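Below, in structure tokens: the form deposited without the ligand, a single chain.
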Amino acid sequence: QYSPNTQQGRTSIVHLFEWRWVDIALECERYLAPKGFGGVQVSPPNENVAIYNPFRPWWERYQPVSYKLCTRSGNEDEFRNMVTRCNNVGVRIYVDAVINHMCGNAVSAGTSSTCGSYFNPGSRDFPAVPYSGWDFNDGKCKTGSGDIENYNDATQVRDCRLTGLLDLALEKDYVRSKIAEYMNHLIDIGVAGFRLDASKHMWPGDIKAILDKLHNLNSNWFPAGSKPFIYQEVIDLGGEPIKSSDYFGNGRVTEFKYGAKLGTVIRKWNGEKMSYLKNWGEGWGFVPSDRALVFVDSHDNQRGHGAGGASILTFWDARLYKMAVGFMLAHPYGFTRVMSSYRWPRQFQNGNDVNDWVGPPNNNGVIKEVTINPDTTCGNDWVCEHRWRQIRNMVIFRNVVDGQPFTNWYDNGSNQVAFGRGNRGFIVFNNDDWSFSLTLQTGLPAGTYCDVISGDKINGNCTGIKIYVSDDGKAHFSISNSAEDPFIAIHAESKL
């Protein structure tokens, strides 16, 4: 459950949010594999409801109609093709599994689905699976409205409808089997693991029963006995009766306190400063590192649309965002998930963005292809943060220092900190309103290193900042608070 099943030396996965299968297949071969990325989290590959009001929102993909591999991302052939090609280049595929529910109970019956499948929410009829009224929790939920009304009641959180979404009776073997049939079809296709959507809304025991029905990974690509990597999406912040620790027996869990706290520290909200990150990790009350899936922002919270609210840093806050991602990728805690988004027309009103529902770039509902510009950036409104030099190079930094201990910490009691990873890497940050100019102990062997944030090592030369480490492991760093990117990172592989 707990191992990502990535190729040795690859330590991160990237969420290619709403990307088409054909574009992901290409990205695996032309960029992801060459650049050392471990895998890709894909959007739900099963048929969902086609919502036209609002026009094809991103969240319509979280309202299942059947388990047919047919969505705006592509069909089953394109899906298998993507998995095969990515696997052949050493890049894993992790599926977003929406198994807690089907579509909204108030959705009109008909064939308004991504594959034409007929469904009738009102009568609990999903013939394409098939599911009927006996497969939902309508009779089990005890709330007056049938929806989740109070999160202080761990029971209704699990048995009632999350904002109207028809709740599956996951204790029934039939339901468990239809879910497992779907997941085993994907495992046999070649996927390496799953992101279990809305895990807080399912009983830990029901999840386990389903996982026990799962096959071992495809023996054509994975060694015998490989189990799918499982990470459960559980938003567990302040005290609530549900704890993410209740799910440790099934696999990893998303640590949403991670991005929320990193965001407030870097934004310097209410007294927090980077010097406090000295004991970042369990020391901050986070789950154990070997059970954590971490990230700065996620598709569901980068819109103020989730846990962390306004503290969350996203591509919109580019300068601070790159620094947060850099800190995460450099720090040893957890398994890292990198976000890759698309631009939407944010339109704030009374503190809230009214266009937080806007789906991916499209032409009359047809998702636009990801076009690569000559400078390696993307067109068609895809942000492609995973291609930003600062993020991509830190993804590599993590691979390079993998296994190395957290050492040589330094801080000025405010917002200028630094630390290294064994004798393989070192990173320095300046988030104060004044310049940083100091000689630090890096723990790195003597030599000239290319700063990978401002540039790259291009065959015996650096295109950006160059750092000189003396025989005793010291090196001078200068970062003005006016720098484009207020941080420097050097590692074993950027050494001249």
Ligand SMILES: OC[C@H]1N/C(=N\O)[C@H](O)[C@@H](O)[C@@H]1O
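Just count from 1 along the sequence shown to find any residue number.
As for the form deposited with the ligand bound, it is not shown, yet the points below apply to it.
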Seen with the ligand overlaid from its pose in the entry with it bound, and using a 2.4 Å cut-off to backbone or C-beta atoms, this pocket is open
Testing 418-426, 323-331, 397-405, 198-206 against the ligand in the entry with it bound with a 4.5 Å heavy atom criterion leaves exactly one stretch, namely 198-206
- prompt: Any of the heavy atoms of residue 348 lying within 4.5 Å of the ligand in the entry with it bound?
  reply: no
ask   = Hey, in the entry with it bound, does residue 138 get a heavy atom within 4.5 angstroms of the ligand?
value = no
So in the entry with it bound, does residue 162 come within 4.5 Å of the ligand, heavy atom to heavy atom? yes
Residue 300 versus the ligand, in the entry with it bound: is there a non-hydrogen atom within 4.5 Å? yes
Answer key, the ligand contact in the entry with it bound at 4.5 Å (heavy atoms) among 235, 266, 292, 179: the residue is 235
Looking in the entry with it bound, the residues of 120-153 with a heavy atom no more than 4.5 Å from the ligand, listed in order, are 151
